[PDB]
Structure formats: C-alpha cells, structure tokens
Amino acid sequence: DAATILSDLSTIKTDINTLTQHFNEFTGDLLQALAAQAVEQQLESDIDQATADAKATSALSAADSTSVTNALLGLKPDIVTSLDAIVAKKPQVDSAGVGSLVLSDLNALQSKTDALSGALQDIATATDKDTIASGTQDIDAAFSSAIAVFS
C-alpha cells in the first residue's frame, strides 16, 4: 500500500531530524549518548518497518511510484545533515569513548537503508527505479564518508 509506505517514510524523516537535534546538543556526556542511541534504535526499527511494508506492496501505480520516489529522495538532505552533525561531534564522541557505537550504528543504518531502497526500487516504475538508485548511490557515499571519519 503506497499510503503506508509514505507514512513509514515520514516517520523515518522525523526520526532522522530528532537524531540530528541530539547530535547538535551532544557535549560528550554518556547519558546524552544513551538518549541519542534510543532514537537511533527507533530509526533502525522504522527503516525495517518500511522495508517490510514495501515488500508487502504490489507494483506501484505511476502516481504512487512518484510519491514514494519523492518521499525517499526527500530524505537525502536530512540524511546528509544528520551525518554531518555527528561527524562535527567526533571530538565529543572520542571524549565520551563511544566511537565504536557510532560506527556500529552507521554500518547497521547503511545496510538497512540499502535494503529499503532495494525494496522500493523493486515496486517502482522503471524510470523511478533509476532515480531511486542514483539517489541511493549518493546516500551510500555519505554513509561511507561518515564511516571513514569514525574508523
């Protein structure tokens, strides 16, 4: 159902922007890291939910493919902003001693995001599939950048 996927993608967007707020307020305190991690785990769950919902949906109509494609691609700048915000806080991450947690989260989120993109590509129109794939290459490149910073 396209509406469920759109709802799922909106929730993902909200999760990401909440996570960015946590990053921007992070001063290297472990309780802050824990609070942020709770949001990150909600985000993982919400991405996986979207993947499950996409896998349960049949080939999208033209308008539904456009809606889902634009909703997925609309995530891109918020993702980049979020990754930039945690990258900006590397000194505080290292001070807190939680670099491996950030790295583990980045790897899990990239894998889950890639699975979601694959599931949406499979039900999109042929043209939208190419658009989603190109956008996903950019998302993957941003993940790879953040991962490099933290390893």
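Quick note: we count residues from 1 along the sequence shown, nothing fancier.
The mean C-alpha temperature factor is higher for 53 to 61 when 53 to 61 and 105 to 113 are set side by side. Higher mean CA B-factor, judged across 136 to 144 and 19 to 27 from the recorded values: 19 to 27.
When the C-alpha B-factors of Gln41, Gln92, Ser82, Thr69 are ranked from the entry, the top spot goes to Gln92. By the numbers in the PDB entry, the CA B factor is greatest at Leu34 among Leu120, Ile47, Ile86, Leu34. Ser10: CA B factor in the lowest third of modelled residues in this chain (values from the PDB entry).
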